[PDB]
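Read the structure below first, then the notes.
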Amino acid sequence: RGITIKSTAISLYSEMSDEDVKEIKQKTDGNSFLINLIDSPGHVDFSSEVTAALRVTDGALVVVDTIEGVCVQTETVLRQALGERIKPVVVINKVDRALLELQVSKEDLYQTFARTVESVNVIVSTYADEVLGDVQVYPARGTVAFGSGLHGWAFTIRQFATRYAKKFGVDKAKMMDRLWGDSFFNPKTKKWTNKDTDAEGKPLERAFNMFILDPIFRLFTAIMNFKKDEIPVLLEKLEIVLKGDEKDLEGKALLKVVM
Amino acid sequence: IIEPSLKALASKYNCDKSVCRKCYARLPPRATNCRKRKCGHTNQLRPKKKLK
Amino acid sequence: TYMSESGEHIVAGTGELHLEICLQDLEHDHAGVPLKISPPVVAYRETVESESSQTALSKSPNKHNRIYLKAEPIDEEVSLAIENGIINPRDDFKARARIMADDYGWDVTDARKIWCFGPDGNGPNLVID
Amino acid sequence: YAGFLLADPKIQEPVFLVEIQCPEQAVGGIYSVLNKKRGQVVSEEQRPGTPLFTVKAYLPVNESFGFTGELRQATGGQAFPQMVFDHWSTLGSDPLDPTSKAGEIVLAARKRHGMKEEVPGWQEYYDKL
Amino acid sequence: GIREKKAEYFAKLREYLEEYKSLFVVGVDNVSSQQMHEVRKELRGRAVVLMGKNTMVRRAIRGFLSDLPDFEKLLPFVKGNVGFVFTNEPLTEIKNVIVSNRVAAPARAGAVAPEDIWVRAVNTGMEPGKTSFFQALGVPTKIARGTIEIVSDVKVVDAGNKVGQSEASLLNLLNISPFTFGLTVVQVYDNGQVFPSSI
Amino acid sequence: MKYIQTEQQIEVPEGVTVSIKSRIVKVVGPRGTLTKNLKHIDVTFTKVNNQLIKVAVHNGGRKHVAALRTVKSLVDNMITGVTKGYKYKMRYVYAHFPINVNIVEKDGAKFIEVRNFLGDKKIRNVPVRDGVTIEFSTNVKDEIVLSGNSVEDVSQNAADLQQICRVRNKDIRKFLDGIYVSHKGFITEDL
Amino acid sequence: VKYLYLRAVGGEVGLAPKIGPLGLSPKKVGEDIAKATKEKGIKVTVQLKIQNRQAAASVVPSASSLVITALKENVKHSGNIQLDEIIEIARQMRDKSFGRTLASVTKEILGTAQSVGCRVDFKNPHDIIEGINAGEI
RNA sequence: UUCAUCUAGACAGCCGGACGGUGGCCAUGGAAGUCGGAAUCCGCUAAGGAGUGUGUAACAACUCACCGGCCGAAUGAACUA
Ligand SMILES: [Mg+2]
Ligand SMILES: [Mg+2]
Ligand SMILES: [Mg+2]
Ligand SMILES: [Mg+2]
Ligand SMILES: [Mg+2]
Ligand SMILES: [Mg+2]
Ligand SMILES: [Mg+2]
Ligand SMILES: [Mg+2]
Ligand SMILES: [Mg+2]
Ligand SMILES: [Mg+2]
Ligand SMILES: [Mg+2]
Ligand SMILES: [Mg+2]
Ligand SMILES: [Mg+2]
Ligand SMILES: [Mg+2]
Ligand SMILES: [Zn+2]
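Take a look at the structure:
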C-alpha cells in the first residue's frame, strides 16, 4: 500500500569529516555518530505510533512537501513534538515536483520556501515550550534542507558556503547570511548590496538564486530538453563522474542520477 | 491556488449566475426570465448554488 | 477491546482505517480464525415518566387471587444512589430508610418497607409494600 | 407490566460526553455535525495563546456510529473527539408509536430479537372485575 | 407630503439665512454619520449646520431674491455633496475646527490607491497566526518576540492601482491605512462677501 | 404601437469620414476603415452637418424601434474603434497546472496555442482573427491582450480563447481554471 | 501603552484567559478584582478593565440597561419600578451620551430604554414623554 | 383597469453616508441588528429598521432598505383579456 502503519526503528552508524564536528555547539566526542532513527506514519489514525516514538526520541526531522506546503497533519505532529519538548529541524522535500509540475522559476521557488518556513515557525512559536523558547528554525541557522528523497538528493546553505571558501576565496561566515534573505551581487559591479536596491532599474537576483539555484535549473532544462552537447560540458565546471554505460541514457532518469 | 482576485474573476463567469427552475438553463445573475423558449420564458428562477 | 454492556465483543479503534488494520490483523495473526463484524448494539432501559393513571388490576390463572398496584418513577437522584452504592440491598433498612427520607423527598415509612431492588437484586428499581 | 404501561412508558438511551479539540478556524464544522446527530453543547473554551478551542458536548451513543468519521470530514481532519458514557436520557418520544423516533428504535429492536412487531398494548396484563 | 414636507424645509432655511450673515459651505463626502454628530452642537452660541438636496435648495433662495436679493452671490458653490454651517462667531475659529476631525479612512475595500504604498520593517506586534495575511502578499514575516516582524520593506500596492482585498485586509484588518478623510471648506460668506479658504 | 417617427443621432468626430450607399456603411478614421452591411434592418440615414448623422425609423413597431438604437450603437462602435481602438485583456486562472500560452504559425497561421490546461496533454489552438493583434503583457503575470479596431472581431476572438478552456467533467465552481476576460477598454486608452 | 479592553457582564464574581494570557495576568486575580467592582451591583453590567502589564483596574462602565435594573427591584423581568426622579439620575450618569443637546433628550433615551419596566407609578414610558417637561439640570 | 412618483429633479445606473442610547428585554453552552420569542422606544438627524441580506462559534467584516451626490424627462407597481 505504500503507507507506514507501525512506526519502526533502525540505528544508523555514520561518520563526519573533521571540520564538521568542530561546529557542533555542544560537548561532543570523536567523529563517528550513532543515529537512532524512527520512521513514523503520517495518517491521523496512527498518531498513537508517533507519540509512542516521540516519547523515546530527542529531536525530530520534520518533512514538508514543497508543493503541498505545510499541511494539517504536519501541524498536529508538531504539537506532538513541542508538547514532549523535542527540538525540530526541517527538510523541505519533493522539490523536483516544483520544477516539473509547476514549471517554477528561481524566485517563484525561493519565495515558496520562505513562506513555508514562516508557516512552520508560527507553529513552532505557538506551542514550543516558553521554557526553551528560542527553538525556531531558520535556513541560515543551518536547520532547513531542500531536495527530493526519490532522486536521493538534498542540500543546505552551509554546504554551499563551504564550497565557496575554496573557489572564490572568501570565508564562509559571511556567506550563510548572504545566501539567504535580500543580499545581491551585481556582476561587473563586483559589490554586494543590503536591500533589493534595483540598481537604478533592473533589480538583480538574491545570492540564493544566483549561487545555489542557478546551478540546478541550468542542469534540468539541458537534460529535459535533451541538450546533448550542453550536458557533457556541464561535466567540467562541476566535477561530476559520468561513469560509463550510465552516460548511455536519454534525459528523463538522467536527471535523477546526476542529482 | 488562485490569488483571490483571479478567483473572484473566474467566479464571475462560472458561479455568479442563476438557474431556470424549470429547464436548468444558466442565466445572468440578475436576470428575471429564462431566455429559453422551452419553459415559456418563465420568471421562476433561483441562484446557482455557491459552493462552500 | 472489552465486552459490550450488551455482551458483544468490542474493538474500539481510532478511525475507519485504523479499525481496518486492527481488524484484518485480528483475523490473520492474533486470532487466526474467520471473523464477523457488526455495528455494536446499543443498550437501553425501560422506564415510566408518570404515575400509572389507574391502579393495576390483574387476576391470576385460577380466578382466585387479584393484585393491585400503581407505578411511578424514582427521582434520578435516587437511582444514582442505588447504582453508586448508597442504597444497598445488602444494607439493612432504617439506616438505609433514614438516608432516603431526609434527602430525597422520601417517606421513611416507605423506605423501611422496601422489599427488593431490581434487576439482579442490586438494580435501581424498587418495590414498596 | 400493566401498571408500567399506564405510567406513560418511555425509554432511556445511553448518552456520551464528547470532548473535541479543534482550532477556531474550523470549529464551525463541529457544531454542524452535532446538530444532525442530536448533539447538545455544554461548554466551549479557547485554550489561551493557542487557537485550539475545546468543545464539550452531549452525543447519544445511539447517534455516535459513523460520527467521528462524519466529524473529521466536516473539520477537514482538524477535530479530535474523545468520548465516555455520561448518563441515561429519557425520550419524550412515544415508545409504542413506531412513527416517533423511539418507536423506530423499539420496532427495530423487536424484529432482530425475533418477536412480534409492535408491543402488546396495556389492555393485556389487565383484568376487569 | 406632496410639497408640505419639502416646504417645512424651506421654512427652516430662511430662518437660518436672515439670522446669520456669516456662513460656511462645507464639502461633506467620505464623511461619516458619526463624524457629523461629533460637535454638531459645538458652539451652541452661533455655530450651527444644516443640509439638504441641492436641487431643492436652489429653488428656495431662487425665490428669496424678490425679498432680500443679496445671497444670489452664493449659488455657484452648491454643486455636489456640500452642506452649510451658519455662524456669526469669529470666522477663523470655525475653519480650524471643521477640517480638524478627519476620521482617517480605515482602510480600503478593494478600491483605488494614492501612490506606491509601502510596508516598513520593524516588529508589527500582531500575534503569529495573522501570519497568513502577511504571506498572502509576499512580505517575509518572521516571528521574533511572540509577534510577527516584517523584514525587507516592500511596496504592497503600486502607483494608484486597483488594490485587492487580500492587500486591503492586510492594511485594513491589521495595519495603518494611510488614507484619511475629513470635511472640507469650499467657500465662506460674511455679509454678502464670498471668501475662499484663506485664513 | 407604430411610433410615427423616432430617431437616434450619431455624433461623428473630426478625423473620420463615413459613407452610406444603399445601407452599406464604410467608416474610416485614423486607424483604418470598417464596414457593415445593413440591408437587413430597413432604416434611413440623414447627414445633417458633417459632424452628426440621423438614423430614423418611420412608422415603426416596438421591435423595429428596438433595432434603431442598436444601429446607433453599431456604427458608433465603428467610429470609436477606428479612432481609439479596442483592447481586451485576459488573465489565465489556474490552481495547479500553469497554463502555457504562446503564438504559433502553420502556413502563416498565427494561432493562440494553449498547453497544459489542467494538465491536459491536448494542445488547444485558437486562430487569431484578422485585424486583432495579440501581445502578451510584460510585467503582469499571466495576462494576454487582444487589440484592434473591430470590437466584434477582438471580442469574438477573446470568446474563442475563453471557451477553448471550458473545463469538462468536473465542478466548475471548484475548477475555476480557464482564461477569462479581465478588462474591456480602448487601445489609445485616453478616455 | 496602557491596555483598554471592555469585558462581559455578571453580578457576583462570575473563562476569559484566552484574551489575557499575552497580558501576563492571573486568571485568578482578574475575577477577584472584578467581583469588587461588581458591587445594587448584584445585577448584570458592562465592565471595562485598563491594563498596566501587571495588574487590572476593574471599572464598571455605566450601562443604560445596568442602571435601570438597579433602580428596579419564568423570566427574571423585574419590570416594576417608577421613580421618574431615579430615571432622571441615570441620564446625568449617561455623561455626554446619545449626543443629546438637552438633559431631557438624554432622559428621553434612558426613559425609552424601558423595554420592560414601569416608568411612572401607574404609567408606561414612551407615553410619558410629552410637554410633561421637567428637570433641566 | 386601478393606484402611485416627477423639473420643489422621479425610474434606472454609478457614487458618498447607512448612525448614537446599545452587547435594548426574556431566554441561550454561546446568540453583540442578522437560530428564536417578546418589545418596536428614544436620541442625533439630510437619513439610517432596536434591522434587508451575506457572514461569525460569538463579535468583526461586507449588504440593503433609508438619505444624499450625479444626470435631466418622463417613470414605477398591482391587475385584466
Ligand atoms: Mg494512497
Ligand atoms: Mg497529492
Ligand atoms: Mg437512529
Ligand atoms: Mg444508524
Ligand atoms: Mg464528478
Ligand atoms: Mg415633468
Ligand atoms: Mg432615487
Ligand atoms: Mg433614482
Ligand atoms: Mg439574536
Ligand atoms: Mg447571527
Ligand atoms: Mg415603548
Ligand atoms: Mg440601534
Ligand atoms: Mg455590524
Ligand atoms: Mg428605492
Ligand atoms: Zn428555462
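Residue numbers (PDB author numbering), protein chains in the order written: chain U, 66 to 324; chain A, 77 to 128; chain V, 520 to 648; chain H, 714 to 842; chain C, 3 to 201; chain R, 1 to 191; chain F, 10 to 23, 28 to 52, 54 to 87, 97 to 160.
Positions of the beta carbon are idealized from the N, C-alpha and C atoms, including for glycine.
As the crow flies, the alpha-carbon of C/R46 is around 9 Å from that of F/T124. In this structure, U/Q138 lies near U/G107, with their beta-carbon atoms less than 7 Å apart.
For C/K43, the C-beta contacts it makes with chain F under 7 Å involve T124, in order along the chain. One finds nothing in chain H with a Cβ atom closer than 8 Å to the Cβ of V/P638; even the nearest lies about 14 Å away. Put simply, the backbone Cα of V/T566 is about 10 Å away from that of H/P808. Interface flag for H/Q759 against chain F is set, since a Cβ pair is found closer than 7 Å. Per the Cβ contact rule, the stretch 770-777 of chain H is in contact with the stretch 726-743 of chain H (3 or more Cβ pairs under 8 Å). Annotated as proximal: A/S94 and A/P105, with beta-carbon spacing under 7 Å.
Short of 7 Å from the beta carbon of H/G752, and not among the five residues preceding or following it, lie these beta carbons of its own chain, in chain order: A770, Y771, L772.
Distances from the CB of A/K124 to the heavy atoms of ligand 15 are all 6 Å or more. As computed with DSSP, H/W801 is found in a beta bridge with H/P727. If you check the C-beta of A/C110 against ligand 15, you find a heavy atom less than 6 Å away. Apart from the 5 residues on each side of it in sequence, C/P108 sits with its Cβ closer than 7 Å to the Cβ of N174, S179 in its chain, given in chain order.
Between the C-alpha atoms of F/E87 and H/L804 there is a straight-line separation of about 39 Å. Remark: C-beta atoms of C/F12 and C/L52 do not approach each other more closely than 7 Å. One thing to note: U/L320 has its Cβ within 7 Å of the Cβ of U/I288. Along the stretch 544-569 of chain V, there is no position whose C-beta sits under 7 Å from a C-beta of chain U.
Counting every other CB atom within 10 Å of its CB across the protein chains shown gives U/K317 a total below 16, marking it as exposed.
Taking a Cβ-Cβ cut-off of 7 Å, A/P105 has no neighbours in chain C, whose nearest Cβ is about 19 Å from it. The C-beta distance from U/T69 to U/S112 rounds to 12 Å, too long to fall under 8 Å, and the pair is not in contact. DSSP, reduced to helix, strand and coil, places F/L133 within a helical segment of the structure shown. DSSP places U/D173 outside any beta strand (DSSP E); the residue lies instead in the alpha helix (DSSP H), whose first and last residues are 171-192.
When C/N98, C/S24, C/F197, C/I201 are compared, the shortest CA-CA separation from C/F88 is found for C/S24.
C/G166 counts as buried, since at least 16 other C-beta atoms from the protein chains shown sit within 10 angstroms of its C-beta. Under the criterion of beta carbons closer than 8 Å, F/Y12 and F/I64 qualify as touching, at roughly 6 Å.
Between the C-alpha atoms of V/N603 and V/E596 there is a straight-line separation of about 11 Å. Cβ proximity to chain C below 8 Å picks out nothing from the stretch 83-116 of chain A. By a beta-carbon distance limit of 8 Å, U/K237 contacts U/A230. Their separation comes to about 5 Å. Residue range 62-83 is occupied by the alpha helix (DSSP H) that includes R/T70. With a 10 Å radius around the Cβ and a threshold of 16 neighbouring Cβ atoms, C/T182 comes out exposed. DSSP, read as helix, strand or coil, puts H/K769 in strand. Secondary structure note for R/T33: its beta strand (DSSP E) is the uninterrupted segment 32-36. Counted as a single uninterrupted DSSP element, the beta strand (DSSP E) harbouring A/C96 occupies residues 94-96.
With contacts defined as CB atoms closer than 7 Å, C/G29 and C/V188 qualify as a contacting pair.
Proximity of chain R to A/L127 at the Cβ level (cut-off 8 Å) is accounted for by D171, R173, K174, in chain order.
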